[PDB]
């Protein structure tokens, strides 16, 4: 969805020493924790925070601390920021003081500086198993699947205290959307509506679980959104044989809004009552929110759909369907260096 805010002006939170490493210290930036050089910031200072996945073009003047990690990526020379562990200290992102960015002297706390600093987004490769023939743009009348990170929602998490959330396991696969709009039924990946052919994985998942017939039956303008997971998709964390679709959302095209967890669970039951075989992402107990970002992140480690593997994380969706976010497990990002 759109353009992610990879580089933004943010405020130095609590600064804590790293025992046994005098030259560095730990800086809290929103719900992120970042290793910084001793002295670069005091608590309350502003800086440009670059999130993990930032791709930072080689620059020995501005980004000398990245020199050793410069790779070749999409025909560009630069550095991919990723989760790391230093001295036993979890570190994610880069935080650089404002006087490194004279062109940002008149900007404000909160501003997105991704474009102006020419930062781009690194991402894992698409499973060429799932790059299909493109029929069309992702429909403008359906929301792309997107969840903000809990680390970026400190004030929101505060505000939602007392609110109840559906908790589901975050599956690591590829987003897929199967929808009906009047006389058209279509299957999309994360970014594009796809043509049906013999080798198209998403179309095949949709036929196999009878989800097009399912949409024909409900006779509503609805987009069924879920994760296609399994063999040859993002390394197959779940150790499935073959591939399959797990629903996580239903988007009401005529109303332009997501269905609430309750409405969504009812439709899935009716679908399955009528023989349409739609599986859902694993649903945990509802959570009454009363937590810091750090506590939410602790919860995110745990078993997956396959209980013998550690999950990518958890997705929280408010019972009214209008607020949601993801807590990616930091254990998972430490275990999986291509994440």
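Numbering follows the first chain given and starts at 1.
Stretch with the higher entry mean CA B-factor, where the candidates are 8-16 and 316-324
Taking the mean C-alpha B-factor of 8-16 and of 316-324, the larger value falls to 316-324.
Would 75-83 or 140-148 have the larger average of its C-alpha temperature factors, as given in the entry?
Taking the mean C-alpha B-factor of 75-83 and of 140-148, the larger value falls to 75-83.
Just grab whichever of 121, 184, 269, 220 has the top CA B-factor as deposited.
The record points to 269.
Highest recorded C-alpha temperature factor, please, choosing from 92, 199, 265, 174.
Top of the list by C-alpha B-factor: 265.
Comparing residue 60 with the other modelled residues of its chain, is its CA B-factor in the lowest, middle or highest third?
Answer is highest: the recorded C-alpha B-factor places it there.
Using the temperature factors of the C-alpha atoms in this entry, rank residue 44 within its chain: lowest, middle or highest third.
Lowest third of the chain for residue 44's C-alpha B-factor.
Quick check for you: using the entry's CA B-factors within this chain, is residue 288 in the lowest, middle or highest third?
It falls in the middle third of the chain.
Place residue 31 in the lowest, middle or highest third of its chain's C-alpha B-factors, as listed in the PDB entry.
Residue 31: CA B-factor falls in the lowest third of its chain.
If you rank every modelled residue in this chain by C-alpha B factor, which third holds residue 244: lowest, middle or highest?
Lowest third, going by the recorded CA B-factors of the chain.
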